[PDB]
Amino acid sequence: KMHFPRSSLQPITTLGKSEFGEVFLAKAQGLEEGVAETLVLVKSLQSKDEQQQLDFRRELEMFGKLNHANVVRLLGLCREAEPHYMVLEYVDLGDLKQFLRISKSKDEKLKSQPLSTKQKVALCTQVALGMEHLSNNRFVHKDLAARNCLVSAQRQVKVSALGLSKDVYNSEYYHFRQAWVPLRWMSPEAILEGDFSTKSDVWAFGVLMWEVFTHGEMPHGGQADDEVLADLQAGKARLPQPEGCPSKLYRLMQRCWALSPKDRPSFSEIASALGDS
């Protein structure tokens, strides 16, 4: 495909483990013309299980096909030998969730740089633009959340797919029907029927906006996974309005959480709604 020699990868930091394998940062020598070494994100496929092989292929096909400022690029593939690697574009900072939590500590006495409403909207708009492109290209992400978005030091956002469910973000994944699913970001049809669509990505986007407006708080924090699932089954799952979130944008969040996927806004509609602000 877009073959890259693994011999030009110098591992720098292990980020964590996904259901596919290890996720690590590396310096990629002579990856882009002009630049000597490019810091990249590497996903390995250490699982020879059928489902994981198909998911790894699904991700590299998606990133390989998409081309947008708010979506990470597929920079290389190492499928010439074992284990296989997916080489993705990285950032100078890290994931969006980490950025949100560092911006505003729960301890008011610590130094902080809280995001203004304008800054929060700018982060949301960039994700909506990246997701509008992804969905325009008939793809379904299935794991949209702040942990899976990347941000630079100047708040430029890119939709990615890290899925560090085994360690770093193990608290955001739930053991359900023999799989580790992102429970607190899932619409009822996606988790209870396995029905994933652009509209299940719309529900997840609603949750992501909530994560931004709370400076990265856990959705339904203080409720155990089992309670979250039972509330979702009963149609009682309701994220509260964060303080500092305008009424207009919370109602938009609420329409993303419509029970029927047919009543949720499309990404083009969300990108426009965010533009009024």
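Start at 1 and count along the sequence shown; that's the residue number.
Comparing the deposited coordinates for 44 to 52 and 212 to 220, the stretch with the larger average C-alpha B-factor is 44 to 52. Averaged over their C-alpha atoms, the temperature factors of 98 to 106 and 164 to 172 are higher for 98 to 106.
Between the residues 148, 126, 178, 119, the entry's highest C-alpha temperature factor is the one at 178. The entry lists a Cα temperature factor for residue 138 that places it in the highest third of the chain's modelled residues. Annotation for residue 185: CA B-factor lies in the lowest third of the chain's modelled residues.
In the deposited entry, the Cα temperature factor of residue 79 places it in the middle third of its chain's modelled residues. When the modelled residues of the chain are ordered by their C-alpha B factor, residue 201 lands in the lowest third.
Placement of the Cα temperature factor of residue 60 within the chain: highest third of the modelled residues, per the deposited record.
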